[PDB]
Every structure is written in C-alpha cells, then in structure tokens.
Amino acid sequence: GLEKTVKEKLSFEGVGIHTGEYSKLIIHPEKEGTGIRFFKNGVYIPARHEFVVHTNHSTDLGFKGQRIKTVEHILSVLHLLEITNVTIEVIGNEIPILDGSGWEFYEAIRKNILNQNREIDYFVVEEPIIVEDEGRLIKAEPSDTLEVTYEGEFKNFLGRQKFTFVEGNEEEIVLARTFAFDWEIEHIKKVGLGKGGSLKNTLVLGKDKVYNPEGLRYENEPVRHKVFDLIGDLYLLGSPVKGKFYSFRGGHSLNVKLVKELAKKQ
C-alpha cells in the first residue's frame, strides 16, 4: 500500500473521558516520510512507544513536559486506514472520547484519504514472541496480513468470549465502544480518572446487567473494543503492522510491553 495522508484537515471535539475537560484535535496533512505525530502547546509528540508515559485505563504519550491522554482510538483508526503522514494538533490534555468508539474518526477520515508517492514500509513481525503478566498474555507471530484475536474471561455474564479481526473487516470493530464494570467506577474516580465518563461514551456493565438503555451493539462488543484498543497501541511501533496477534485478557500495559519487546528485537 502507498503512504497516505488526509485530503484536507479534519477536526473533532468533545470531552476527554478521563479529564472531563473540553478537548479538540485537528488532523493536518503532511508529506511522505513525515509519520504520525501529535502537536500540543508547541511540542511535537511522535506517535511512538518511546513516548508512552502512562498505560492504566488509557494509553498516554508525552514529551518535554507536554502530555496527551487516550490516544489509542484515534491511532487505531489511523492504523486501520493506513494513514501514515499527519500532524494531530491537540487542544486540551486528552483526545476527545466522542461516543467511545472510533466510528466518527473512521467515517470522516475514510472519506478523505489522499494516496501519496511512496510505498509503505510495514513493521513485519519476524519471529514468534509472547509477553505475560499474572494470567494475562499476548502472543505475536509472522503473517502477511494483520490479524488480531482477543479472548476475555469476564467476572460477569459475559464469561469467556473471543473475537478475531482480519484485514477487510474494519467495520466490525470501529463501532465497539469503551466499556466499564460498575464495581470499578469508584476506583477509577478515586485515582483522578474517568471524569468525563457517561452512558453516552461508555458501556457500563454490572455482574448481570447493562446499564446503557441502548444495550450492547454486539453481544461481544467488549472483546471487539479490546481488539480495537490493541490495534491502536500496535501503531506505536511507528508503522502499519503485519502479523498475527493473540491477546488473552490483555490491556494497554501489556500491549505496550509487547510493542517495546517487538521493537527491541527488531
């Protein structure tokens, strides 16, 4: 595939799920070889693993005193559409959560793609690798196409379920929303996070119920979202990725761990 950017600048605004503050981003086109980078208060923050500063409840990046929380959804959409050269100006300290999925990002960007004059140099997983953390595990192996499987084991009605993404099925995960278990909301609030969360941007699940009146978009929306999250974190490798991944109860922390190990080996 050819490197790509946007035909014209695109903007999105709303509240940050964690800061609860107003935030906006403006995606500006860039020439070939530029890569993906954020811009905040005068500083450019490359969308790469070296700049990750936090991974609990979101993937946050930072450089020279400037931080941007929750980049996983916008990066996932960019990765899925193979947008390789753009500057994402950010107003605020976090990417707007919108409806909790990548839908708005996806539909807007997909309609404004601009192919460029340069072949994409994909990050190709060369050899099998596995990272673990108290039961949680992620395995990556060679593959000509990006394939991502997530298997969860939930302590509620969801039980054990899995979902596999394969190239071409982007629409099957870009609508999956951010979720959250009622028994964990106090903690999230207590650690200074989740200030902008609401039934409008997050699926709240109980031991045996779904609080949102709209219910789940798919019986397995949570695992679909996890796949969506992992795909965004994988883009932190600096280039579109080709490989087969299997995540069992993985989260941002483990996702970034895998990314750093892959980058290290290669």
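All residue numbers refer to positions in the sequence shown, first residue = 1.
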Would you tell me which stretch averages the higher CA B-factor in the PDB entry, 254-262 or 16-24?
254-262
Compare the mean C-alpha B-factor of 70-78 with that of 168-176 as given in the PDB entry, and name the stretch with the higher value.
168-176
Looking only at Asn41, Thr55, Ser198, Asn220, the Cα with the top B-factor belongs to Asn41
Top Cα B factor in the deposited entry, candidates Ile130, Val86, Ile91, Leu193:
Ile130
Report the third (lowest, middle or highest) to which the CA temperature factor of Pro96 belongs, ranking only the modelled residues of the same chain.
lowest
Give the position of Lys226 by CA B-factor within its chain, expressed as the lowest, middle or highest third.
lowest
Binned into thirds over the chain's modelled residues, the C-alpha B-factor of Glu153 lands in the highest
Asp208's Cα B-factor: lowest, middle or highest third of the chain?
highest
Where does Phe105 sit by CA temperature factor within its chain: lowest, middle or highest third?
lowest
